[PDB]
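A lone chain, given as structure tokens: the form solved without its partner chain.
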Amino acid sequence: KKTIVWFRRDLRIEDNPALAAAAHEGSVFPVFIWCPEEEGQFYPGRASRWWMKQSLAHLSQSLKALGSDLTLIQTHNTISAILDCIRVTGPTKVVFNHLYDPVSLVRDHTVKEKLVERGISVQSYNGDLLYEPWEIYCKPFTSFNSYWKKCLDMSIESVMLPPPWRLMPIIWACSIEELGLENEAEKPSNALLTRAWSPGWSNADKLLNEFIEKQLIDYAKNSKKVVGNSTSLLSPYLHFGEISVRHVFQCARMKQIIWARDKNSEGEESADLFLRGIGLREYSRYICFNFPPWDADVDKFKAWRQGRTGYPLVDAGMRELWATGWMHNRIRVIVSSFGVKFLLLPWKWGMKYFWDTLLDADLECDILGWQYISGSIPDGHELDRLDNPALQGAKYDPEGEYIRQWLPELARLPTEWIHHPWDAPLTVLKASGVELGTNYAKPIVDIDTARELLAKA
């Protein structure tokens, strides 16, 4: 009759089973408990912490519009802090939504154990997945398409809950600044991100609406350019659960149904392709549940993260990542595949840098991504294949516009050579304003010698 609602990475009021459950069985005490030393090695990066702060404030003022507050707590032990919430609130139950990362797994367990030890009941809900990673079983599911063909033959009839109509409310609590989510010196450079992004669940709704109604129809061809923000841009919102992925899946399947009826074959395959992405976020939770000779050269690492490799697609991507906190999925493949296969940087460096600059930085997806670009996951591009920037150029940036947007020094380079300038003839380079080594970098390593120092093993 008096429940605590533990928010973690489900910062929304719509289709939130935990909050819904608690709101219906009675009064609720919503809380967010930050415990850095317990996240340890999985402490969220700089950009992810900045987004978190924004949408925590967004979610908090939403809850007061409904009649409750958001209590924030920063502490050294999570159960310690939880128990005092029970002390001051006299509640009987604690609810939360499952996360699947290693840290929350041990903790959600350790907090279920210690809590029912004292007669207070705990019940967690699935707030982030169409299918929990233990519900779809066997030959193996070592693939993604075996996995995704299985779920699409299993019903997806799980239903979606409205936001609670009202919330009846009920210390070492603190404010949002007091959580320490930003560092003082990085604050103004962080604020610049608001010019590309407005976190919070109400914005998540607005974004999903315009995407489904206007952009989804073109997803299958827009999503192959890397220029512009050609895909949905939902990933940060999905990571913080500011939008229920069930809502995302169902809105998209409504279109697929209508487009299938009305024999609009392009919209059909658009909806097919886009839902595959949603399934990849699923498989990410699936594999991370069931399957728990480096050049340690910091200068090389610095050239990589600053975009001075001489590889335009790479340099552009790193510039976009630094400026916006986001990059198209194929740019993620290109730059990471560049960090390890071309520069032979240790992957912990590259992954740690994605961790600290990606707004959608997400343990399971980011893991699955690095495992793809290194031939680890059985369905990932083998390591010996070192693909040609020119060919990458023709398929994802066929008019050179991505380069010309992020690397304006190269604006007068003809498209035939804008993705591999070291191969153009010299009169072509002088005709463009391009002096390799002076105003754009020389290829930091030549593609051909990197080709065969990689075949070494």
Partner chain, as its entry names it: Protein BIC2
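Residues that one form lacks are left out of the comparison. Definition used throughout: the rigid core is the maximal C-alpha set that superposes within 1.5 Å between two forms. Positions refer to the first chain, counted from 1.
Just so it is clear, the following notes concern the form deposited with its partner chain bound, a form of the same protein that is not shown.
Kindly confirm or deny that 102, 109 and 231 each have some heavy atom within 4.5 angstroms of its partner chain in the entry with it bound. Every residue of the candidate spot has a heavy atom within 4.5 Å of its partner chain in the entry with it bound.
Which single stretch, out of 368 to 376, 196 to 204, 173 to 181, 78 to 86, brings residue heavy atoms within 4.5 Å of its partner chain in the entry with it bound? Stretch 196 to 204 is the one.
According to a 4.5 angstroms non-hydrogen atom cut-off, is residue 248 in contact with its partner chain in the entry with it bound? Close contact is absent here: in the entry with it bound, residue 248 is far from its partner chain, nothing within 4.5 Å, heavy atoms only.
State yes or no: in the entry with it bound, is some non-hydrogen atom of residue 385 no more than 4.5 angstroms from a non-hydrogen atom of its partner chain? Contact with its partner chain, no.
At 4.5 Å between heavy atoms, is residue 396 in contact with its partner chain in the entry with it bound? Heavy-atom contact with its partner chain at 4.5 Å: absent for residue 396.
Does residue 288 reach its partner chain in the entry with it bound, with heavy atoms at most 4.5 Å apart? Flag for residue 288 set to yes.
Tell me, which of 283, 326, 240, 338 has a heavy atom within 4.5 angstroms of its partner chain in the entry with it bound? Exactly one residue meets the criterion: 326.
Consider the chain as shown here, without its partner, and state which of 221, 276, 352, 114 has a heavy atom within 4.5 Å of its partner chain in the entry with it bound. Of 221, 276, 352, 114, the residue with a heavy atom within 4.5 Å of its partner chain in the entry with it bound is 352.
Which residue of 153, 184, 299, 157 is the mover here, meaning its C-alpha shifts by 2 Å or more between this form and the one not shown once both are aligned on the rigid core? Correct option: 157.
Do residue 258 and residue 157 have their C-alpha atoms closer or farther apart in the entry with it bound than here, with the shift being 3 angstroms or more? Here the pair is closer than in the entry with it bound; there, farther apart.
In sequence order, what are the runs of at least 3 consecutive residues whose C-alphas shift by 2 Å or more between this form and the one not shown once the core is aligned? Run 156 to 159 stands out as the only one displaced between this form and the one not shown - at least 3 residues long.
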